[PDB]
Amino acid sequence: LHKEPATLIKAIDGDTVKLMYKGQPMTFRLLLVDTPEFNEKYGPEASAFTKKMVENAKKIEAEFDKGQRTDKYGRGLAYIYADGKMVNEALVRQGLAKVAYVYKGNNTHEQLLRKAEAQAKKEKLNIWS
Ligand SMILES: Cc1cn([C@H]2C[C@H](OP(=O)(O)O)[C@@H](COP(=O)(O)O)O2)c(=O)[nH]c1=O
Ligand SMILES: [Ca+2]
């Protein structure tokens with residue numbers, strides 16, 4: 001997989017963010033995770049965590065997997081990095097997202113993220129509390 005440039009347009013919630021990618025505004029949905037909706041428990045904390053991560057970053061990159069790059073809503077499907085740290089993995093490691101939506105052929109970082117979930121769960125963090 002390859003990291004590609006993007007710039008932040010706007011934080012949305014725990015697992016979607018609006019980025020400019022190849023010069024075009026797009027909403028990205030983070031691969032392999034599910035944060036609570038803003039209206040749900042930990043939803044505001046997830047939104048806050050992603051917002052802080054992407055807004056503080058000097059460099060945002062989007063990494064597509066091997067499969068579908070857009071979902072049925074037209075959202076980009078990618079792993080998003082902030083100054084080299086994967087947002088997807090960070091949310092899971094903090095107990096603010098569950099590993100989820102693991103579809104065949106867009107699942108390169110599956111085992112990485114499950115390892116993070118196990119550790120958040122061992123720690124009883126947030127969702128696992
Ligand atoms: C993460 C992801 C979501 N989706 C679709 C599945 C779900 O369809 P449904 O809308 O029919 O439930 C939806 C969940 O995204 P959200 O968690 O943002 O609501 O997005 C994909 O198709 N591929 C993906 O990789
Ligand atoms: Ca969600």
# chains A, B, ... in the order shown; residues from 1 in each chain; ligands from 1

$ select_by_dssp --residues "chain A" --states "alpha helix (DSSP H)" --output "ChimeraX atom specification"
/A:43-56,87-93,110-122

$ residues_near_ligand --ligand "ligand 1" --cutoff "7 Å" --atoms "only C-alpha atoms and all ligand atoms" --output "PyMOL selection string"
chain A and resi 15-16+29-34+71-72+77+101-103

$ write_last_selection --atoms "C-alpha atoms" --output "tab-separated table (two decimals), in the first residue's frame"
chain	number	residue	atom	x	y	z
A	15	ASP	CA	-14.71	7.89	11.68
A	16	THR	CA	-15.33	10.33	8.82
A	29	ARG	CA	-14.71	6.93	5.88
A	30	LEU	CA	-12.00	5.23	7.92
A	31	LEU	CA	-11.43	1.58	6.92
A	32	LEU	CA	-11.93	-1.30	9.39
A	33	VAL	CA	-13.41	0.75	12.32
A	34	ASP	CA	-16.71	1.92	13.80
A	71	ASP	CA	-18.29	3.18	-0.81
A	72	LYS	CA	-21.92	3.27	-1.96
A	77	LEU	CA	-12.34	4.32	1.96
A	101	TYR	CA	-16.72	-3.60	8.52
A	102	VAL	CA	-13.97	-5.99	7.59
A	103	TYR	CA	-14.59	-6.80	3.94

$ select_by_dssp --residues "stretch 3-125 of chain A" --states "strand (DSSP E or B)" --output "PyMOL selection string"
chain A and resi 3-13+16-21+24-30+33-34+60-63+70+76-82+85-86+98-99

$ residues_around --residues "residue A:75" --least-positions-apart "6" --cutoff "7 Å" --atoms "only C-alpha atoms" --output "PyMOL selection string"
chain A and resi 26-29

$ residues_near_ligand --ligand "ligand 2" --cutoff "6 Å" --atoms "only C-alpha atoms and all ligand atoms" --output "VMD selection string"
chain A and resid 34 to 37

$ residues_around --residues "residue A:54" --least-positions-apart "6" --cutoff "8 Å" --atoms "only C-alpha atoms" --output "PyMOL selection string"
chain A and resi 8+11+60+82

$ residues_around --residues "stretch 122-128 of chain A" --least-positions-apart "6" --cutoff "8 Å" --atoms "only C-alpha atoms" --output "list in words"
residues 42, 94, 95, 96 and 97 of chain A

$ closest_residue --among "A:9, A:58, A:93, A:1" --to "residue A:25" --atoms "only C-alpha atoms"
A:9

$ closest_residue --among "A:68, A:84, A:119, A:76" --to "residue A:104" --atoms "only C-alpha atoms"
A:68

$ atom_distance --atom1 "atom CA of residue A:66" --atom2 "atom CA of residue A:78"
10.1 Å

$ atom_distance --atom1 "atom CA of residue A:99" --atom2 "atom CA of residue A:73"
20.4 Å

$ atom_distance --atom1 "atom CA of residue A:53" --atom2 "atom CA of residue A:106"
23.4 Å

$ closest_residue --among "A:6, A:12, A:19, A:113" --to "residue A:92" --atoms "only C-alpha atoms"
A:113

$ closest_residue --among "A:14, A:74, A:105, A:5" --to "residue A:43" --atoms "only C-alpha atoms"
A:14

$ closest_residue --among "A:83, A:23, A:10, A:64" --to "residue A:47" --atoms "only C-alpha atoms"
A:10
